[PDB]
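1. When you get a sec, could you give me coordinates for this:
(one chain, ligands or ions: 1)
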Amino acid sequence: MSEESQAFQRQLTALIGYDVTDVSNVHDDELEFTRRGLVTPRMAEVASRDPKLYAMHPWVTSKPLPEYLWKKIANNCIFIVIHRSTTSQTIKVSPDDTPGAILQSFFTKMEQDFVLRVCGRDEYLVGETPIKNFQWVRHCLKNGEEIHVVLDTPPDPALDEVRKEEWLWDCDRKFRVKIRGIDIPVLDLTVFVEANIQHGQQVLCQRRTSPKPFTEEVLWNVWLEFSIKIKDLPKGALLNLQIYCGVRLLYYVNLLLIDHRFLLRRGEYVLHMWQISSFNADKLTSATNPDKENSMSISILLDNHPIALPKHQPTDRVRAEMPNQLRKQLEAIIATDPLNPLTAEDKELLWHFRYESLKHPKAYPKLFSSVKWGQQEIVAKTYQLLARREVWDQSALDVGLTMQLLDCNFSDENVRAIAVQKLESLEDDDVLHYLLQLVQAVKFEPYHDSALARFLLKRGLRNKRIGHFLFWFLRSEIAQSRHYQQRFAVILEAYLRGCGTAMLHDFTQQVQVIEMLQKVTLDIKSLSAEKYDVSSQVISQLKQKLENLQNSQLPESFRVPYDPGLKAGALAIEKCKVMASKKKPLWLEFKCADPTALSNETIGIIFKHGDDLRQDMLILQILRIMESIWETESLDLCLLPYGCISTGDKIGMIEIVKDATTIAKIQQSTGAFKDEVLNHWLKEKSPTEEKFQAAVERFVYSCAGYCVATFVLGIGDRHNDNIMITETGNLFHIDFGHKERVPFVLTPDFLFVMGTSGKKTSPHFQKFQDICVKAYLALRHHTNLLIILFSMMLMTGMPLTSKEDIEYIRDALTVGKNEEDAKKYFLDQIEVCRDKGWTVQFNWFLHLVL
Ligand SMILES: O=C(Nc1ccncc1)Nc1ccc(-c2nc(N3CCOCC3)c3cnn(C4CCN(C(=O)c5cccnc5)CC4)c3n2)cc1
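-> Numbering: from 1, shown residues only. Below you will find the coordinate block:
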């Protein structure tokens, strides 16, 4: 009974990597209160989700086929191949044809319960969408391939079954907190404590303490009194205790003043605080350190029969005209970039004229940053403002903006909630583009249960794909983030309890696999020095240990975390080789458990341990965004954002791109380089000089995409050790752990392929200057969306600290200039790489000296 639940919770705890029943690290029931809250939205979505479509999770889009995918048209005819057993029959189809409409034309060209499954994958060509609007199809086209499909039985919705779940204002006293003392084990200095009252990163009030000698224990007993009445404390307000050294910041911890029940905080607390190895998302956490045996502590008293916060209640339609030169200043402000700080006057002006600012949704981020949140009366005037959301509600979703209201500068439930309301109108296609961000954006939420959380949860349970990646993006944080694992765990359990028995069995297999393969790598790296190269007594112990796990542990087949349609199966021991890198990665390879697989190409995975893979993920998920932004302007820069998921602490997986070789291995075929080796290698891997020319094309595109991209994200200056290229001309970076500086890697060996030397030009290189600016300006259009993604990436991924760090992308997009001053700028930079050729490429080699 409650024994088939303690084996289930035993199941769920394993899948998660955190025991959501553990209270060994909390001073209230917010995490639990939240486990309980989320039951409804789960159950609503499980309740409402359609069984057939959920099982087939058709991956479609409601976008317009780009100009370029039309030029592969073939006179309004797309050919689709079907296979029942050994059979197969091409079939002309219209792009606007549906799936149903196509079994109709097929049954009569050659008992209604057959769905077109894709050959080799668990991807389904079903439902009421033009087949031109399926992503699997738009893919085969982009890549010039052959839409293979096998007619067979619709998968059973009974497998997606789910187990039924068993389960005032007006106190004028200035607010005080008594700092009793600090206590730490192994600590000769001087040290005080700083008590900030925070709200979305701004300090409402701050009162420090008397410095004192740095011993293992330090008392004070002070009553600390702040300037701020207890009526003006805003819901979400943080009491933030920090501890400085003499000067430098060394410890922090945080406590919500208003709890989840709206009650204020009364009482005695002993808070375990986080140590520091400037803005960072771990500085905002309400979580306390769980390593109570080593971490600094702190004790404090909240005197405060209990005082509680009232949920505002809706209640001035008078209108006056606005001078010209004021509305000039308003509209000027509202136009500026997110990263533009507001002067106190810009603020008084924005707030003063708040009803005219409400008309431009683009002024919402700047305006809700103009609120004295330390002022009970202001704050309400604000609630009454968000009640007049006629224009917001009607506004076309703008994601740059929505995001902005979910970053660290906004900590007010009502604001954030309107951003989320806008997220609702996103088709699942777009949710996947931004899911990682909108999972990271949960770090800036003040309370565990939030509307953002309930949105990730709805959307994830409604579509299986999103589901899958929601699992791994969450499991990735829970495992390497002590500041947020407890919050994310409550959420992931929430999702798991509604995804179906079908996917539990699947995540159970992916995790076990990853669980073993973690093991092998560790064992294997502990035999080779960060110095040592690759031993053959090692190559014997690898194929020893895989031969082993293959001959027992690894299940017949598991789904591929970075690409879940694909089922991998049996190991290709022969191909599996530890790689040369100092951090000793595992080049792996599997056959595809799917009998209907067209090719024999294997599934190629690179288990790495030694570094945090979450920084690769963020960078990639942005490039995938840049592409979709090059699709809305009919542009395709052939990027290769390889799959790369993080699975646990400092270890994850990467996708191996078939038949691709670095630049460096191309050159070393005493650090010199030669130009012709580019082409020589291309022509050698182009059977015909026809395919050779297709290849030189990718190279112009790909090379150009990756130079714009890399320039923007400030990661252009790489070493050819870290650039690669497929046999078919496609160029792309790897390893994102990122004297004379180069804006990006455009070394003379590329130019050569473009057919140029020293200071010349050619039919390709003029093209390449052509495409680049098309691609650059295209981004400049979406400046705001990119700044806010960049900013949020630093704060939730690159321990980022500096506000000047972001003032970068500002300049790199060169804001507030016309499409000319820019196109120059860029093409100026294209040139700087010419005036430098290899000098820097050479230095990444000579570096091994300094
Ligand atoms: O680290 C990180 N993240 C990180 C996060 C946080 N903080 C630090 C680092 N992420 C990462 C690192 C490396 C790779 C990668 N992905 C490959 N793919 C095979 C083809 O589909 C694409 C992937 C290959 C193929 N080869 N490699 C290298 C092996 C080691 N290398 C050499 O031994 C070497 C040296 C000199 C000249 N040639 C080779 C250099 C070449 C690859 N590395 C991928 C991801």
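
2. for the residue nearest to residue 422 when sequence neighbours are not counted, what are its contacts?
-> Leaving out its chain neighbours, the residue that sits closest to residue 422 by C-beta to C-beta, 6 or more residues apart in numbering is residue 402, at 4.8 Å. Where you see a C-beta, it was placed from the backbone N, CA and C, and this is true even at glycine. Residue 402 makes contacts with 419, 420, 422, 423, as judged by C-beta atoms under 8 Å, 6 or more residues apart in numbering.

3. if you set the cut-off to 10 Å instead, what comes out?
-> Neighbour list for residue 402: 361, 364-365, 416, 418-423, 426, 434, 438, 441, 785, 788 [criterion: C-beta atoms under 10 Å, 6 or more residues apart in numbering].

4. got the buried residues for the longest helix anywhere in the chain?
-> Counting by DSSP state H, the longest helix found in the chain is helix 501-525. Using 16 or more other C-beta atoms under 10 Å as the test for burial, helix 501-525 gives 502-504, 506-507, 509-514, 517-518, 520-521, 524-525.

5. did I read that right, the residue nearest to residue 422 in a strand?
-> No. Assigned with DSSP: H, G, I helix; E, B strand; the rest coil, residue 402 falls outside any strand and is helix.

6. Let me know whether residue 726 touches residue 662 as I believe.
-> No. In this structure residue 726 lies outside contact range of residue 662 using C-beta atoms under 10 Å: 11.4 Å.

7. Have a look at those two and say which one is more surrounded.
-> A direct count of neighbours by other C-beta atoms under 10 Å for residue 726 and residue 662 places residue 726 higher, at 20 against 16.

8. now the residue nearest to residue 422: how far from the ligand?
-> 28 Å (C-beta to the nearest ligand atom, to the nearest Å).

9. Same question for residue 562.
-> Taken as C-beta to the nearest ligand atom, the span from residue 562 to the ligand is 11 Å.

10. Can you say which helix or strand has that residue in it?
-> Per DSSP states H and E, residue 562 falls between elements, in no helix or strand.

11. quick one: the helices in the stretch 201-350 of the chain?
-> Remark: helices assigned in the stretch 201-350 of the chain by DSSP state H, counting those that start in this stretch are 324-333, 344-352.

12. how far is the longest strand seen in the chain from where the chain is centred?
-> Ranked by residue count and defined by DSSP state E, the top strand of the chain is strand 217-229. Remark: strand 217-229 is offset 40 Å from the chain centroid, using C-alpha atoms, centre = their mean, to the nearest Å.

13. Buried by neighbour count: which residues of it qualify?
-> 218, 220, 222, 224, 226, 228, 229.

14. now stretch 51-65
-> 53, 54, 55, 56, 57, 58, 59, 60, 61, 65.

15. didn't the third one look like it was pressed against residue 155?
-> Going back to what we said before, that points to residue 55. Yes. Taking contacts as C-beta under 10 Å, residue 55 lies within contact range of residue 155: 4.9 Å.

16. which residues do the two both contact?
-> Joint contacts of residue 55 and residue 155 (C-beta under 10 Å, 6+ apart) are 115, 122, 124, 502.

17. who wins for neighbours among those?
-> residue 124 (24 neighbours).

18. For the nearest residue to it once chain neighbours are set aside, give its distance to the ligand.
-> Once flanking residues are discounted, residue 124 sits nearest to residue 56: 3.8 Å by C-beta to C-beta, 6+ apart. Distance, residue 56 to the ligand, by C-beta to the nearest ligand atom: 30 Å.
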